[PDB]
Amino acid sequence: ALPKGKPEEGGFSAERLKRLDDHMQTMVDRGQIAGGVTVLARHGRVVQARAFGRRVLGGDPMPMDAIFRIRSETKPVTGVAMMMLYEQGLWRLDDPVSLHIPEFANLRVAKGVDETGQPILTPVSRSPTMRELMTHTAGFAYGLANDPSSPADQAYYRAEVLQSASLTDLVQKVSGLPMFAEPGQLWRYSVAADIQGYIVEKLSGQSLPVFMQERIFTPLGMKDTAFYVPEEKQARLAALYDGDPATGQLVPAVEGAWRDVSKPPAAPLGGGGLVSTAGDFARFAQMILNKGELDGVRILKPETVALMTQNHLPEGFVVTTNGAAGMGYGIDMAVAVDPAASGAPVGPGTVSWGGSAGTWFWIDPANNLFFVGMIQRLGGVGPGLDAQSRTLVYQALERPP
Ligand code: NA
């Protein structure tokens, strides 16, 4: 459900694009993934859309409408939700987060540890700003790591921040737990977008899943995008795999039932809870290339999209993951400020992210194109495929000088 085209209509070599098909098929043959789905589009037309391998090992083939846990790739969708409330005048980037979340008046920061292993806690210099929350520079800790080296992360893990009974609970816990750092000091991947999801609930007066269905998924035609997979769509859900240590062979992932996508979550996570299809995500990506509109439906003003896809980071900062030199960070996505500085082939201003289950995307406004990759494989395989898909896509692209 985007117009199909020949590769040459998007400016691609058919022969060199086939090297991307071959590479995906090699990853299935060598048992690195069960299967996956890829969409490449330029000038609003699909140039390549391909399903590979199987939905489940020794099972049916991967359908193109397969449903995937996008994890941290949910993040930029929450960012679009926040920017809709921005256009309605409900929050400003210079606003203290404490105006929206009053309990954040009680924030404390972890300084050192004392002799008894407990963090030394100090009232925060000031409330983090909304721009810091949108850019992972607000000083919040991470929620999936038992790191004795990072006391703030260990406390979040121990308090079970990400498995709270509600977003109200999650945000009350964060208010009482130690921050990793004072706001504005460094970029560090955090629970910031899960806190953003609470602000959507509080400002919209609707639950996060309802607001996103009404303002994003319904208007853009994203039919299978949600915080769970209803019983009828379960047969299209791709299975999640990990590598057996010492065999390097595909094994069902064991991750705990809090992440289960069979039921509506109690605390829907704006940083990691969405499931989607390559086609639904392709529609979202085309809406960003079109600066806020798809098929006559406008969800954001063009200036608002332009503001999201710029680097909002101070001069100095280091984006340390994409799920490097010349990398910055906009509103809930990475921004390639100067890709040449790392010999990256994407155009300057390219936005991207990826999830822990292996999913990745990039949108390149300078080259009017996007790539959506969907697998369900934990570990380093996803990030390797991202880098290799970027190399093979730009080697197939033929531009004027
Ligand atoms: Na799909």
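Residues numbered from 1 in each chain as written, not as in the entry; some residues may be left out. Heavy atoms only, no water.

Regarding how it was determined, this PDB entry cites X-ray crystallography in its header, along with a resolution of 2.0900 Å.

Caption draft 1: Structural context of the packing of helix α2 (residues 75–87) against helix α7 (residues 192–204). Interhelical geometry of α2 versus α7 gives an angle of 35° and a closest axis separation of 10 Å. Relative to α7, α2 is oriented so that their crossing is left-handed. The segment α2 lies against α7, with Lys75, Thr78, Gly79, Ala81, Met82 and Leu85 engaging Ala193, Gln196, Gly197, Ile199, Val200, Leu203 and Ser204. (Axes fitted to C-alpha atoms, helices over the stretch in contact; angles between N-to-C directions. Helix = DSSP H or I, 4+ residues; strand = E, 2+ residues; numbered from the N terminus. Left-handed = near helix turned anticlockwise from the far one by under 90°. Contact = heavy atoms within 4.5 Å.)

Caption draft 2: Summary view of the sheet that holds strand β1 (residues 35–42). Strands sit in the order β2-β1-β16-β15-β14-β13-β12 across an open sheet of 7 strands; the sheet is antiparallel. Of all the strands in the sheet, the pair left with one neighbour each is β2 (45–53) and β12 (327–329). Ignoring strand direction, the axes of neighbouring strands in this sheet form an average angle of 15°. Bridge analysis of β1 against strand β16 (residues 369–374) gives 6 bridges, and the strand direction is antiparallel. Bridged to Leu40 within β16 is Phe371. Those strands touched by helix α9 (residues 278–289) are β1, β15 (360–364) and β16, and its axis lies near 155° from that of β16. (Pairing = 2+ DSSP bridges.)

Caption draft 3: Spotlight on the pairing of β1. Within β1, 8 of the 8 residues are buried, which leaves it mostly tucked inside the rest of the structure. Judged by which residues are buried, β1 turns out to be covered on both faces: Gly35, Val37, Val39 and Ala41 on one side and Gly36, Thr38, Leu40 and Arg42 on the other are all buried. As judged from the 8 bridges shared by β1 and β2, these two strands associate in the antiparallel manner. If you follow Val37 over to β2, its bridge partner there is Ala51. Here β1 folds back onto β2, and the loop between the two strands holds 2 residues, one of which, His43, carries a positive phi near 60°. (Buried < 20%, exposed > 50% of the residue type's maximum accessible area, 1.4 Å probe, protein only.)

Caption draft 4: Molecular detail of the coordination of the sodium ion. For the sodium ion, the full set of protein donor atoms is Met64 (O), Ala66 (O) and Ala278 (N), at a range of 2.7 to 3.0 Å. Mapped onto the sequence, the residues coordinating the sodium ion show the spacing M-x1-A-x211-A. Residue classification places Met64 among the partly exposed positions, given a relative accessible area of 38%. Taking the relative accessible area as the measure of exposure, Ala66 reaches 0% and is therefore buried. (Donors = N, O, S within 2.8 Å, 3.2 Å for Na, K, Ca; no water.)

Caption draft 5: Representation of the nonpolar core. Counting residues in hydrophobic clusters, the biggest one holds 87 residues, and the most contacted among them are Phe140, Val174, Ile195, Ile216, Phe284 and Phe370. Setting aside anything within four residues of it in sequence, one finds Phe370 in contact with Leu2, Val39, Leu40, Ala41, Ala282, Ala285, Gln286, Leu289, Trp362 and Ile363. One finds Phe12, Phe52, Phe371 and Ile375 within the second-largest nonpolar core, a separate group that totals 24 residues. (Core = buried A, V, L, I, M, F, W, Y, C linked by side-chain atoms within 4.5 Å.)

Caption draft 6: Spatial organisation of the packing of α2 against helix α8 (residues 208–220). Where α2 contacts α8, the two axes come as close as 10 Å, and the packing angle between them is 95°. Here α8 runs roughly perpendicular to α2, going by the angle between their axes. Where α2 abuts α8, its residues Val77, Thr78, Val80, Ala81, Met84 and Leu85 lie against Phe211, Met212, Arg215, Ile216 and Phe217. Across the contact of α2 with α8, the residue classes break down as 9 nonpolar, 1 polar and 1 charged. (Parallel < 35°, antiparallel > 145°, perpendicular 65-115°, else oblique. Nonpolar A, V, L, I, M, F, W, Y, C, P; charged D, E, K, R; others polar.)

Caption draft 7: Here's a closer look at the environment of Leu144. Following the sequence through the fold, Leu144 ends up in the loop between α4 (130–134) and α5 (151–159). Taking the C-alpha atoms as reference points, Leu144 and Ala278, 134 residues apart in sequence, are found 26 Å from one another. Apart from the residues within four sequence positions on either side, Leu144 is in contact with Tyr157, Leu162, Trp258 and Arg259.

Caption draft 8: Seen up close, the packing of aromatic side chains. With the rule as written, the count across this model stands at 12 aromatic pairs. Where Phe104 meets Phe140, the ring centres are 5.5 Å apart and the plane angle is 45°; that geometry is what we call tilted. Remark: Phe140 occurs in the loop between α4 and α5 and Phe104 occurs in the loop between α3 (97–100) and β4 (108–113); sequence separation between them is 36 residues. You can call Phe140 buried: its relative accessible area is 2%. An aromatic cluster is present here, built from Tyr142, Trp187, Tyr189, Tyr329 and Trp353 joined pairwise through their rings. The ring of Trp353 carries the charged tip of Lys75 above its face, separated from the ring centre by 3.7 Å. Over the face of the ring belonging to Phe180 we find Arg188, whose NZ or CZ atom lies 3.9 Å from the ring centre. (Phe/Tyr/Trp six-rings, centres within 6.5 Å; stacked < 30°, edge-to-face > 60°. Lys NZ or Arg CZ within 6 Å of the ring centre and 35° of its normal.)

Caption draft 9: Representation of the side chain of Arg390 in the model. Locating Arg390 in the fold gives a position in helix α11 (residues 381–396). Discounting chain neighbours no more than four positions away, the residues touching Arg390 are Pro345, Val346, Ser352 and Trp362.

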